[PDB]
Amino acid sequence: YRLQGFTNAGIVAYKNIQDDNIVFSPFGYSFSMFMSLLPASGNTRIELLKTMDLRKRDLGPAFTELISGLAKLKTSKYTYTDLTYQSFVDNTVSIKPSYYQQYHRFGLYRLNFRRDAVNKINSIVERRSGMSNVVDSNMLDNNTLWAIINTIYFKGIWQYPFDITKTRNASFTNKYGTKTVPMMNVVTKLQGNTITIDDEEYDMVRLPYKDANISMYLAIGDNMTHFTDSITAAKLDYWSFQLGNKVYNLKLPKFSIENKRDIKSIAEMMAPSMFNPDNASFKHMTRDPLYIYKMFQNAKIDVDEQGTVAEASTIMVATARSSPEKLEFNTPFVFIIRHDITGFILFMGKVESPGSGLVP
């Protein structure tokens, strides 16, 4: 009844992002897919249990574990994580009375999607989570009948902040031949190591956050695709156990990334019937044919000398229009914001590293 499959769902979702300018919330994707288990039934429920690597006997305790994990994200003010979950079902849908009695208090809203649904849903999400204009106008038509929104916000402050006295160094890529970017520099002791993963050298560093058990792990290596394709929750825990105190001259770029990615491919590889109106069985919520045809995530991260600010919104909706982005980074590094107690991976991505590397 562990959440290993829960975290590995988002891990695989990240592993399927064919790009290098990535900023993703594995916890947001995993949480959406896991909350989908409440209305799901039959084949959809079985697929979701398979992807989470859970049985019907372990679904109850799993949620329990999840709740406990959620109880360990709002434990301070210096560093915290706020999570909100909203479901919007059309008034014409005949929701089962038991389902509504059980789950309507966890943000189940009813409206007419043909009467300015965009502004109403944006207002509800803004009132519940503070993030405004989460859903775009081209993601809602007069045909959509179901919309699930999952927002997560992480405010972080380095336990050992960078000195403002830093340099502005030029990173070398092929897209941007040479781009000058501010690079924070700090010489101090940190929990790191330089390990080998399947005969491949990777340097790992941990940056703790003040007044919390959340940490930003940084990994630097030759082929980051190899490091990406070989990470699981248990292997991540083992790598964390391999880290220890040692002196480091950290050169971390002051990066700010934003992504708006269609994740329908991986979500359909995990739950095909959820994205097919002929097989979509959500009989726990309603006997009416409901499905999801589009799934996106909008993520953003900003890192400075004081800390990190990250936002993410996972949206399951009926229609959308977007174009994929493809940037080829050379010799990048991978960051992972992880809760060291629950193993939750709140955020993770990939930033273009300077030619000198993160640890000279």
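All residue numbers refer to positions in the sequence shown, first residue = 1.
- As listed in the deposited structure, the average C-alpha B-factor of 105-113 and of 176-184 is greater for 176-184.
- In this crystal structure, the stretch out of 7-15 and 348-356 whose C-alpha atoms carry the higher mean B factor is 348-356.
- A267: CA B factor lies in the lowest third for its chain, per the PDB record.
- Annotation for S313: CA B-factor lies in the middle third of the chain's modelled residues.
- Compared with the other modelled residues of the chain, the Cα B-factor recorded for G42 ranks in the middle third.
- Split the chain's modelled residues into thirds by C-alpha temperature factor. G69 is in the lowest one.
- Ranked within its chain, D90 lands in the lowest third, by CA B factor from the PDB record.
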